[PDB]
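Have a look below at one chain only, the form deposited in one PDB entry, in structure tokens format.
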């Protein structure tokens, strides 16, 4: 898969498990079209969101439902979600890992783009 999402929990020092992630592709009319989604695994990872064929150049938004995560942990979060918006560009580097490190009032996102 050319796209992987990895979410870490900076409060618990753990993968952020069962975090809903939605991926959207910007449509011609500048709207976000749902493209894929999943929940992060026990390892805080979400694999298999897309395929090389499907994951064409375009602007993608990865929306990480951080709020539900924090709500599940009983911790007041600031953000509604973490939205990572990027242009996928052909095609090297090929693989995108979108890693998000979550704190209740802060998140960081990083892209590890590799071949």
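Residues that one form lacks are left out of the comparison. Residue numbers count along the first chain shown, from 1. We call the rigid core whatever largest set of C-alpha positions still superposes within 1.5 Å between the two forms.
- If you average the C-alpha B-factors over 36-44 and over 22-30, the higher value belongs to 22-30.
- In this crystal structure, the stretch out of 66-74 and 46-54 whose C-alpha atoms carry the higher mean B factor is 46-54.
- Remark: of 8, 112, 1, 5, 1 shows the highest value [criterion: C-alpha B-factor in the PDB entry].
In what follows, reference is made to the form deposited in another entry, a form of this protein that is not presented.
- The residue that stands out in 39, 47, 61, 67 is 67, the single one whose Cα moves by 2 angstroms or more between the shown form and the other one on a rigid core fit.
- Positional change of residue 76 between the shown form and the other one reaches 2 Å or more at the C-alpha, relative to the superposed core.
- In the core-superposed comparison between the shown form and the other one, the C-alpha atom of residue 14 has shifted by less than 2 angstroms.
- In the other entry, the CA atoms of residue 80 and residue 27 sit farther apart than in the displayed form, by at least 3 angstroms.
- Relative to what is shown, residue 54 and residue 91 are farther apart in the other entry; their C-alpha atoms differ in spacing by at least 3 Å.
- In this core-based overlay, residues 66-80, 89-93, 104-106 form runs of three or more whose Cα positions differ by 2 Å or more between the shown form and the other one.
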